[PDB]
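Let me begin by presenting the structure, written as structure tokens, before commenting on it.
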Amino acid sequence: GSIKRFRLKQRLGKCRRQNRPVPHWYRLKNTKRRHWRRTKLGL
Amino acid sequence: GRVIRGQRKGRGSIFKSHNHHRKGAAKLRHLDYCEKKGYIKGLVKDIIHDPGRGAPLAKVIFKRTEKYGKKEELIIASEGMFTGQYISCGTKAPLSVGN
Amino acid sequence: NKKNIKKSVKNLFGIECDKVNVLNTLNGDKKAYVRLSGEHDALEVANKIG
Amino acid sequence: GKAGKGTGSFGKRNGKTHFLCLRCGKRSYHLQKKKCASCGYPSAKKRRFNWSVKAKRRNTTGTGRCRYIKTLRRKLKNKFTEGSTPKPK
Amino acid sequence: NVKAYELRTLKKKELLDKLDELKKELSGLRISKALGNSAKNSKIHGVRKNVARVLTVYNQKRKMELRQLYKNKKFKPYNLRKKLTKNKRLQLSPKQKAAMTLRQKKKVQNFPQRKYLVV
RNA sequence: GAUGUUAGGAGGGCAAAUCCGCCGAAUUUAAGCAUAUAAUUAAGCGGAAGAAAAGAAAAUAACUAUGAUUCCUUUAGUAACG
RNA sequence: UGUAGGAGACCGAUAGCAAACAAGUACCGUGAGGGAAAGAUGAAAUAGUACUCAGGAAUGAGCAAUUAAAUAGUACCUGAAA
RNA sequence: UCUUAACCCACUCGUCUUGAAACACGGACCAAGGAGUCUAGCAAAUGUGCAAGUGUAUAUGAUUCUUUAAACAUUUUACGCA
RNA sequence: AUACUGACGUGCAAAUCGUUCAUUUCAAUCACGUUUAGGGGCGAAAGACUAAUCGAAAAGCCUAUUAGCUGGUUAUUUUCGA
RNA sequence: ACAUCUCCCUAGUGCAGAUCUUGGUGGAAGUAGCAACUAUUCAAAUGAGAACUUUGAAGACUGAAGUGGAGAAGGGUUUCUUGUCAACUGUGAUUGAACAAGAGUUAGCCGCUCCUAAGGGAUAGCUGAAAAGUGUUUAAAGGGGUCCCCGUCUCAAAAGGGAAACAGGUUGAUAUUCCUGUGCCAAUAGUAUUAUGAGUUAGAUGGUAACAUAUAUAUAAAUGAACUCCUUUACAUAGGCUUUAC
RNA sequence: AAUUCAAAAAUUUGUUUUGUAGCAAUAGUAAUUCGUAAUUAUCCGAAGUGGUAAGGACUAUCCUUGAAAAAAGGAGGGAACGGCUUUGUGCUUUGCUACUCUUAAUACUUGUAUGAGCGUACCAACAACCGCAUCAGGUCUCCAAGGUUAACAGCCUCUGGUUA
RNA sequence: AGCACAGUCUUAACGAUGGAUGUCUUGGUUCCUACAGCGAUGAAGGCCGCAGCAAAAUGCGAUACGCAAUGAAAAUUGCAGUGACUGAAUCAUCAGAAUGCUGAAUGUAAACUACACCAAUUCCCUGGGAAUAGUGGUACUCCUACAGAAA
């Protein structure tokens, strides 16, 4: 919707933040990854 | 079997009375000294309809017997009574319609 | 909250604030638009802070 | 007709009947009667049962952070007197 | 970069002033980071750990000062009393637990259990 | 008996393997099933401890008598119930 | 049971704790809940594929090249059958 | 050894079934997994020790204490069965 | 949702498509909020409906329930054999 | 790393089958099939490569009961710019709701926020082993006046009630929200000054009446307690008629 | 309305001139030039149809009569009532006349004396939802152009959208 | 620069496909031994955070992949930085100090960062000077004490 409650909005942001792929320099020293369309957050 | 149709009607779920537009209960002016020892005269200000029953309800005003000013009750209306009629209540009240 | 930002900005920089608008971003950070008063002119003060 | 019990009727789903739940974080706070399926929320008690072994193991002590219990461990073995320090170098 | 023991001697005003100064520096490092600069990005870690050290010294100093004020008195604030277990706190004092009725005391005094040997 | 943001304190919840109170089935067995059986079990609900409960004779014996409680070995698949 | 030790005529990755791996995770369910798969280069990657040639690019080839071994090339042990 | 030939012979296995090559059922293929066990109590058989006895129970005792959570030991009416 | 027993019927869909058709100011339709829960609810009553689940919902446990019945039930040689 | 046949202890010990389990794999097979929704063509650009990327030109369709604007539930960064093509985008694909890198959501006035309704959850009791079931049923219970008077608490509307905002402009992506203009609404403490008008030498006038009257930078100001009595808030359906706006 | 002139009262009626009534043209839009931002010119005289929406006044219908409060307002009532100075115990008697209201501004003290927090992207299905998915399914509300016409039907057209 | 029919079937060698087999094993397992309760002094649990470059897992809590102190003790490194010549870098120990919002959750609430009421509150300086709308308190039941109200 247009509207949200603040906890819900913050959580949606948290999930979005969680998605972000593994940092490229780290690999020089993933398996779990939300994709929006076919894999709903549900919460 | 299962619970029969008659039994279900009682059980306090959906079959509760259709409250919403009812105007409040019809019950006479409660007993006191002023009525018991005499008469009190009141004013019928209005006759109003009721979604539950065929009889109309009668809006009756008294003036309070121990405090200043007017207090309103709801009496059930006798036939042939009218708005602006004086209604009298009590031991000494005269035999006349709607007293 | 807006009041705290306005006080804070005046303490931290030479800025005086005409109106402060705020919003909560998706990322979890607050974004405050602080509209400057004509008491000073933003460009120099901005240049000094960065 | 065209609202039919299978696919037509599945289309008509709108409005979750559970939300987040403060005490569980598991999306099972039933909105209409204000109550959590997975903890009973306004009730004080947790809402365990002995029938669900699986439910107990997926939310028992030691699954979580253990923010005070962890710190207390080792204390028994050391048995230091309270508020004391080791003597300086 | 600075180390705890050098801090511990210092007056409280000076200690607080130093903390405020480090905070301002830390803010400056962040402002640099927010801009396109990369150059001093490593230095912020040092400053922050130093900030933490300064805070630890001041809080500890206050705690000692507060305990020193609330010597004796039988009525410290709850926080400064023992942080032993709830089960321990509820429990009897050993002195109380030990104590015994006078006749029992008389009995123990008269007939103590004793050490003895045999042929 | 009320009343008090009066002064000092306490209880609530989590955790259960062992532990203590309740409350309480049925699948089952009987080649069916109704009493019995499953079982003073499972589920339900309350409460503790490093162990708990029990405990200092309104006991057993019928002997040359024993002698708080618990547990083991046993009596014993017996007396007995059905 | 929780936690810490010690063990074994126990299992050996389709087994054994469901779970040797970022497992009560991913994933599914309105929900109570249900609930996985997936270990192995080499002695050493502080040996992880330089260089040339053909390619738009993937890639390929080499008179070129790490290794004892690359038909060990990151699908990395062995490598059966269909 | 394998390979085709050639003469002669030769029906889908498993399966329940009086009687299956069956117009009975199960089997597309392959790989790995995959089913008469363990305890209790009883019996006979047979082995083994002792023999009107037998078993050393629980337990105690030991310069027994990696193995050993086993072995060893048991002052001239305990109990089982006989 | 009547008829075409039309299209599709390894669908465009675990009930869809075309044409035909019934319904439109009221015993009218919709939204959202709200109420009632499993031998229970609800039913202008079909044993209908209660999230693709209904002559007794869904979930887990008692529970590896139970089955005089079906299927399966794994190397060789040798001897006697219903 | 492996044996043990010298002897012998020990076992989750030997498979073709269980519509077995699990994992893999064929013939069927380059087949069934990729059929709704009127339909596309020419030239140019980009690029390794264009029937389905972009641009122009045609031809067409949707046809204000719209594939147009807005919005609700649900989704949740899907938005935008810049990259860009491992996989996906059931044909192709330089496209893209995919992937990568950054970026974006600004309110006293629009909402929520406040009120109560169908109702919910609690307090007093009382039951009940408890869990719970009930909601004033034996209440010393929450507020208002200044010792008197009212009197369950609390949640329940993003479409009921409801203090106040509009126009133009502006960005890659927001705007009744930013910018410019213009307003409006709500607060606006005590004390002292000032200025604004009233009334007074403790409360104005007019009007026969229905009723009217403060135009001060501002219509500010027209004594009033307890206690009362109203009203607005605030309401169905049908049918026509009429007025204004677009 | 302001203004003008003519006829008035110790401040009116008649006639003229203005202003898109202020907001308002500086803002929009269609044009027109010159730089390569700047100017100029335009922006208004009559009327009909009745498609929408609101209102008004109503009439009829009902064995159906069509929420509540928060909040606000009005009235009845008549409690309370100069200021300053002062003897005596808020009260009493003496002496004096600029006082009581009320907006707005200002200054000073009083915690820092004006506007809290939260929502605001985008889709809303044609690919962003649900239906195991880019699924011919299902999913709430407002806006409603021209011709034909009883017609918000059906046919074709403009705005806008598309040519998948 | 010639020759082979094709298909179908079978055979062998060399391959693909696949992950069985064998070999491992920082895991499981069972038994034995040992201790063994946390909480209004705010737990378990959940959220929300926190890194120079940082997603999860891990760790930790606005001092935030760690602070102090003690014992080891020279490096730590993917880049960047920071370090010795021993309270500096790294571990381990872990008692001091610190421990967001919640959650029994306890001021009223709850799909709310909504709402009360009473204290204004805090720091520095040796009795003063500064800050800040910030910070505390205020559940239900009970017990001992006390209080002023009633018989």
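Top to bottom, those sequences are chains Ae, AD, AY, Ac and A3.
Note that the first sequence covers residues 2 to 30, 38 to 51 in the authors' numbering.
Per the authors' numbering, residue 2 is the first one in the second sequence, and the count goes up by one each step.
Per the authors' numbering, residue 139 is the first one in the third sequence, and the count goes up by one each step.
Per the authors' numbering, residue 2 is the first one in the fourth sequence, and the count goes up by one each step.
Per the authors' numbering, residue 3 is the first one in the fifth sequence, and the count goes up by one each step.
All C-beta atoms, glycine included, are put in the ideal place defined by N, C-alpha and C.
Chain AY contact residues for residue i, given Cβ-Cβ distances below 7 Å
i                     : result
residue 17 (chain Ae) : 164
Cross-chain neighbours of residue i in chain AY, by beta carbon under 8 Å
i                     : result
residue 14 (chain Ae) : 163, 164, 165 and 166
Neighbour-count burial assignment, residue i, 16 or more Cβ in a 10 Å radius
i                      : result
residue 88 (chain AD)  : buried
residue 9 (chain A3)   : buried
residue 4 (chain Ac)   : exposed
residue 37 (chain Ac)  : buried
residue 78 (chain AD)  : buried
residue 31 (chain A3)  : buried
residue 121 (chain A3) : exposed
residue 58 (chain AD)  : buried
residue 16 (chain Ae)  : exposed
residue 61 (chain AD)  : buried
residue 15 (chain Ac)  : exposed
residue 67 (chain Ac)  : exposed
residue 30 (chain Ac)  : buried
residue 52 (chain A3)  : buried
residue 2 (chain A3)   : Because chain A3 is modelled from 3 through 121, residue 2 (chain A3) falls outside the range shown and cannot be assessed.
Residues that DSSP places opposite residue i in a beta bridge
i                      : result
residue 159 (chain AY) : 171 (chain AY)
residue 79 (chain AD)  : According to DSSP, residue 79 (chain AD) bridges with nothing at all.
residue 51 (chain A3)  : DSSP lists no partner for residue 51 (chain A3).
residue 37 (chain Ac)  : 30 (chain Ac)
residue 41 (chain AD)  : 90 (chain AD)
residue 20 (chain Ac)  : 30 (chain Ac)
residue 58 (chain AD)  : 49 (chain AD) and 77 (chain AD)
residue 65 (chain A3)  : The partner list for residue 65 (chain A3) (beta bridge, DSSP) is empty, contrary to what the question assumes.
residue 71 (chain AD)  : 64 (chain AD)
Proximal residues of chain Ac, C-beta to C-beta of residue i below 7 Å
i                     : result
residue 50 (chain Ae) : 28
Heavy atom of the ligand FMN within 7 Å of residue i beta-carbon
i                    : result
residue 8 (chain Ac) : As far as ligands go, the structure on display features none, and thus does not contain the ligand FMN.
Original post:
Which of the residues in the region 163-174 of chain AY, read from start to end, lie with their CB under 8 Å from any CB of chain Ae?
Top reply: 163, 164, 165 and 166
Original post:
Taking contact to mean at least 3 C-beta pairs separated by less than 8 Å, is the region 65-85 of chain Ac in contact with the region 27-42 of chain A3?
Top reply: no
Subject >> Validate contact between the region 4-20 of chain Ac and the region 2-11 of chain AD using beta carbons, cut 8 Å, 3 pairs >> reply: no
**OP:** Give a yes or no on contact between the region 38-47 of chain AD and the region 76-86 of chain AD, applying the rule of three or more CB pairs nearer than 8 Å.
**Re:** yes
Subject >> Contact between the region 17-26 of chain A3 and the region 66-85 of chain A3 (3+ Cβ pairs under 8 Å) >> reply: no
Original post:
So does the region 40-50 of chain Ae actually touch the region 7-23 of chain Ae, counting three or more Cβ pairs closer than 8 Å?
Top reply: yes
**OP:** Could you please tell me which residues of the region 21-52 of chain Ac, in chain order, have their CB closer than 8 Å to any CB of chain Ae?
**Re:** 21 and 28
Original post:
Should the region 152-163 of chain AY be called in touch with the region 172-180 of chain AY, which here means at least 3 C-beta pairs below 8 Å?
Top reply: yes
**OP:** Flag this pair as touching only if the region 52-72 of chain AD and the region 19-28 of chain AD have three or more C-beta atom pairs under 8 Å; answer yes or no.
**Re:** yes
Subject >> Stretch pair the region 92-100 of chain AD + the region 26-41 of chain AD: three plus CB contacts closer than 8 Å >> reply: yes
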